[PDB]
């Protein structure tokens, strides 16, 4: 039985649970910060978009990012910085036919998926303040224990 769907909210995800977000839409999918050394946002770009400048609100502030996606898959850009005075930079990308995006707090690190479905894999950003990372989701989501991560990886890559 799936733990969800839950509607968009700001919360503090517990350690060792995947938050799996089911985006139908373009724009910001999630954003998270501990206000110290992690700011992350995942931004969705629909299929077959030629190069263009778009505006996104990250933590209440408007940013202009130039995007492109000539694929028939959706593209999710992971934007990141580790300091409040820095600018957001593109760190990684997930290219997806399923439109599911994941985040996980585990083992002193923050985990997301990247690469291209059906072979998306996990990678991490480091932090010395993991517990304090909160997230705001902009679409409905499910919660899946890390003990069942192979299921979450299956969903990411082949659909709910």
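Residue numbers count along the first chain shown, from 1.
Just going by the entry, 46 to 54 versus 100 to 108 on mean CA temperature factor gives the higher value to 46 to 54. Note on 110 to 118 vs 59 to 67: mean CA B-factor is higher in 59 to 67.
Remark: residue 137 belongs to the middle third of its chain, ranked by C-alpha B-factor as recorded.
When all modelled residues of the chain are sorted by CA temperature factor, residue 7 is found within the lowest third. The PDB entry assigns residue 95 a C-alpha temperature factor belonging to the middle third of its chain's modelled residues.
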